[PDB]
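Observations on the model geometry
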Amino acid sequence: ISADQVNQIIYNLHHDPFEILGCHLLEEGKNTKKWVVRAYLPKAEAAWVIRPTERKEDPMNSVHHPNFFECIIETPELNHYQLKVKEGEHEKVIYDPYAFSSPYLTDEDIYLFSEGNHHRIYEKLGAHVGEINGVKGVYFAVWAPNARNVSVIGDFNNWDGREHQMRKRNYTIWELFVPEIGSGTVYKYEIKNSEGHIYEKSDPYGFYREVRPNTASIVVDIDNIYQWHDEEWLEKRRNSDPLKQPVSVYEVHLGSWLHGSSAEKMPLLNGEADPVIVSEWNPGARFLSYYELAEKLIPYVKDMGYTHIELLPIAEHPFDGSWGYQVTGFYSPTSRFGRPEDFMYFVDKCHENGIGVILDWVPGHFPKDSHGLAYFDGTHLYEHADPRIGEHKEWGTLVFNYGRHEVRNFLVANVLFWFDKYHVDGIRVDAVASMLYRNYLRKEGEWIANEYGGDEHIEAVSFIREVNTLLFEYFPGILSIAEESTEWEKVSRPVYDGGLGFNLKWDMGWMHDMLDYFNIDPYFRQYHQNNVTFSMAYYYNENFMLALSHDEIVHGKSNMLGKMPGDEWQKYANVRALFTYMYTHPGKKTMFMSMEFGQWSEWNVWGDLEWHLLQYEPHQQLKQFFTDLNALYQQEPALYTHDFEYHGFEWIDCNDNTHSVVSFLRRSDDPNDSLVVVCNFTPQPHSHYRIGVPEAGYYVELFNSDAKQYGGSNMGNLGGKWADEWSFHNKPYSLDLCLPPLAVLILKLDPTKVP
Ligand SMILES: [Mg+2]
Ligand SMILES: [Mg+2]
Ligand SMILES: [Mg+2]
Ligand SMILES: [Mg+2]
């Protein structure tokens, strides 16, 4: 480019910067093309063009001015890229601001979507504020290839679409530009199908929606509603390996954590709205907004010391009682809690406080509600037409046709959407088996095998692999977590090794082993020592997340304290021992709201948590226990650097079943960070119990779950213990410990203690 053109950009004299900024074709070769990407990045000293899906990165060069950049790249197609931008000592990765020069669908947009590969399709499908023919308005576009007609109905035309009939492009997508309307417009699509039947649909790509049970979509100017401040968080994420860090997740259902009063408005970020009543049977209660949750949940979690919040599904869903698992508005955070910018504020505030946000994401099915995706255009569009693979009959829901390009594209682009627009730090997928098996919850003669005679759902496996390939190319540093309950192999292994590409998997066998174990009267635990130790036999086959989830404290299963045998003291003690063991056992951690303060009742999605319990000492003490344990977890490298390597763990002795005692080491890079963990899973204290340790020296009692401040009896080793030169458990030195009842000790060598 010339200096004259650069200066026109720098000094804001250029008539249309899209002519020169962004990606432009320079020339076509026999088997490739040559492209230039240009950027004006004021205050940046350096920039690169990332082609994440090709795993390439090319420096940009300053051209005529230090903040004007260009990059020439040869490749057959340049559809997917990001800009990495360095300003002083800091780097950010963004999409190119000049990527899309028009609001309408191009030929190229249509071709990529037809192939399933438009990773940013939600920039053009749905409703977007823009300018066409010189006039500002909203562009609508919807995929409905078999419809006879589609019209936009909304507030602006009194729900009469006769003068807002859409235009069908390429036999597949309907579009319309409507001048002089903007954000806040309420609308739906009115479709006529091939039989002439007329019906109304929410926008599949809608960004905001009325409050259930109303279903109209609402136009959002999604790139001009919120200013983020989380660049430094995002940079550290992108440059870190979360597998080598502490990951302690507080799992939360936003609708049921805490309620407010329905006698006042719901406050929003700089505004307010009418209250959303929780139910007709509890009409004095309203949900808290994303804004109020930022102000209340986030400091709560920060003070408790968790690293992450994991949300049950926040995508728009019509029925509270699904918990969010039956979604009908995949591209919008639920309007129960306010507006898109309120949830952006929530995420940005998590990041400001050094807390990550993981979303439960639900690609496995969708319910039949008539406003939603079902039978969208008068055919089986999103769902497969064959009920043997397109319906989950025991659930009453429909299964996406994962092989159909535009359906795959809806979902792949949807996962990316949440990382793009809402800056989230991970996803978790529930019931992955529901996708993976063609015979899932189906009887003989009511499913059909894949093309090779097997039960593997080939199209779903392919989709899962593509989601995880893409996610980690575009957003390295994220968490992609699976719950898969059939022993499918290599869930949390790279796709290039035959894995599904997740980076963590819930250890459901561990969860069952533990909860079953702790439910056993302690005298009987000697017949079930294997529940304590067995999960280490298969542990290195996956990267495991140790999750005690919402699903374990509903349906007659009791909350944690209720599962435990004994008197009230011992129930509490069992909880502390279990969770100290969980936090010292190799793997990342997840626990659900209410578990941290000892709620007695089961989780009820229709009310809020029993916060009044925190007026009482025993619940206070258990919450202090968790606070301290999360602090310890972040402070001790041996609890998190080598979770997934042999080096990070070794049993000292796990044979004493008769006393339900086990002990082990955790290790990190520095040998002086090694930890000795000793567990006593009966209420019998031991005044002298010998444990082998690898070095001479003084072993500080770094944590003791029977401490009085946690509600325990305060038994233990008074600060720590000198090791004896007395071989034990095949180690040269040994500690003669006092083991408190129903309790876990963590000890650590202080190699500078004065003898
Ligand atoms: Mg009408
Ligand atoms: Mg399940
Ligand atoms: Mg058993
Ligand atoms: Mg309540």
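Residues numbered from 1 in each chain as written, not as in the entry; some residues may be left out. Chains lettered and ligands numbered in written order. Heavy atoms only, no water.

As recorded in the PDB header, X-ray crystallography is the method behind this entry, and the stated resolution is 1.95 Å.

1. A word on the pairing of strand β8 (residues 90-94)
Our working definition: One requirement defines pairing of two strands: DSSP has to find at least two bridges between them. Counting from the N terminus, the helices are DSSP H or I runs at least four residues long and the strands are E runs at least two residues long.
Note that strand β7 (residues 82-87) and β8 share five bridges and pair antiparallel. Bridge pairing in β8 places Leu83 opposite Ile94. Taken together, β7 and the strand that follows it, β8, pair antiparallel across an intervening segment of two residues, in which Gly88 is found at a positive phi of about 65 degrees.

2. Brief notes about the nonpolar core
Heads up, the condition is: Among buried residues, those of type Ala, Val, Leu, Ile, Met, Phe, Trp, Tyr and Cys that are joined through side-chain atoms within 4.5 Å constitute a nonpolar core. Using a 1.4 Å probe on the protein chains alone, a residue whose accessible area is under 20% of its type maximum counts as buried, one over 50% counts as exposed, and one in between counts as partly exposed. Contact criterion: two residues are considered in contact whenever any of their non-hydrogen atoms come within 4.5 Å of each other.
Counting 196 residues, the largest nonpolar core has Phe140, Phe346, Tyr382 and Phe579 as its most contacted members. In terms of residue count, helix α7 (residues 405-422) provides more of this core than any other element does, eleven residues in total. When near neighbours in sequence (up to four residues on either side) are disregarded, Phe579 contacts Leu548, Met560, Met591, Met595, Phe625, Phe626 and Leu629. Residues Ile691, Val693, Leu737 and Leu739 belong to the second largest nonpolar core, which totals 16 residues.

3. Structural notes on the packing of helix α2 (residues 107-115) against α7
Any two packed helices are characterised by the angle at which their axes cross and by the distance between the axes. Here is the rule: Every axis corresponds to a line fitted to the C-alpha atoms, with the helix fit spanning only the stretch in contact, and the corresponding angles, defined between N-to-C directions, vary from 0 to 180 degrees. Oblique is the label for any angle not covered by the other classes, which are roughly parallel (under 35 degrees), roughly antiparallel (over 145) and roughly perpendicular (65 to 115). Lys, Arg, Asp and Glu make up the charged group, whereas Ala, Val, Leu, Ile, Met, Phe, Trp, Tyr, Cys and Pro make up the nonpolar group; the residues left over, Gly among them, are polar.
Viewed as axis vectors pointing N to C, α2 and α7 meet at an angle of 100 degrees, and their least axial separation amounts to 6 Å. Compared by their axis directions, α2 and α7 come out roughly perpendicular. The residues of α7 that touch α2, namely those facing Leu112, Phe113, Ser114 and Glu115, are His405, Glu406, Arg408 and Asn409. The class makeup of the residues in the contact of α2 with α7 is two nonpolar, three polar and three charged.

4. Section: the UniProt feature "binding site: Mg(2+)" (unreviewed entry) in the protein
The condition that has to hold: UniProt positions are given in the numbering used here, feature names are shortened, and annotations may be inferred rather than shown by experiment.
Sites flagged by UniProt as "binding site: Mg(2+)" (unreviewed entry) map to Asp608. Here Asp608 falls in the partly exposed class, since its relative accessible area comes to 26%. In contact with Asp608, not counting residues within four places along its chain, are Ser256, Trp257, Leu258 and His259.

5. What to know about the packing of α7 against helix α9 (residues 458-474)
Operational definition: With the far helix as reference, a near helix turned anticlockwise by less than a right angle produces a left-handed crossing, and one turned clockwise produces a right-handed crossing.
Close contact between α7 and α9 brings their axes to 10 Å; oriented N to C, the two are set at 30 degrees. Classified by the angle their axes make, α7 and α9 are roughly parallel. Along this stretch, α7 crosses α9, giving a crossing that reads as right-handed. The segment α7 lies against α9, with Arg408, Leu411, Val412, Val415, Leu416 and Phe419 engaging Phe463, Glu466, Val467, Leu470, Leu471 and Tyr474. Residue composition of the contact of α7 with α9, by class: ten nonpolar, no polar and two charged.

6. What to know about the domain arrangement of the protein
Rule in force here: These domain limits were set by an automatic method or by a database of domain assignments.
Domain boundaries assigned for the protein yield domain 1 (1-99), domain 2 (100-220), domain 3 (221-642) and domain 4 (643-751). A separation of 58 Å is found between the C-alpha centroids of domain 1 and domain 4.

7. Concerning the UniProt feature "active site" (unreviewed entry) in the protein
Selection rule: We call two N or O atoms a polar contact when they sit within 3.5 Å, provided that within protein one can donate a hydrogen and the other can accept it, with sequence-adjacent residues counted only if both atoms are side-chain atoms.
Mapped onto the present numbering, the UniProt feature "active site" (unreviewed entry) falls on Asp430 and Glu483. For this annotated set, covering 54 residues, all C-alpha atoms fall within 5.2 Å of each other, a compact arrangement in space. Looking at where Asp430 falls in the secondary structure, it is placed in the loop between β29 (426-429) and α8 (433-436). Judged by its relative accessible area of 28%, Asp430 is partly exposed. Excluding its chain neighbours within four sequence positions, the residues that come into contact with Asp430 are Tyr325, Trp361 and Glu483. Note on placement: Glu483 falls in the loop between β30 (479-482) and β31 (504-506). Judged by relative accessible area, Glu483 falls into the buried class, the value being 10%. Beyond its immediate chain neighbours, meaning those up to four positions away, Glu483 contacts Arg428, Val429, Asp430, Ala431, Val432, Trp506 and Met508. A distance of 2.8 Å separates the side chain of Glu483 from the backbone nitrogen of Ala431, its partner in a polar contact.

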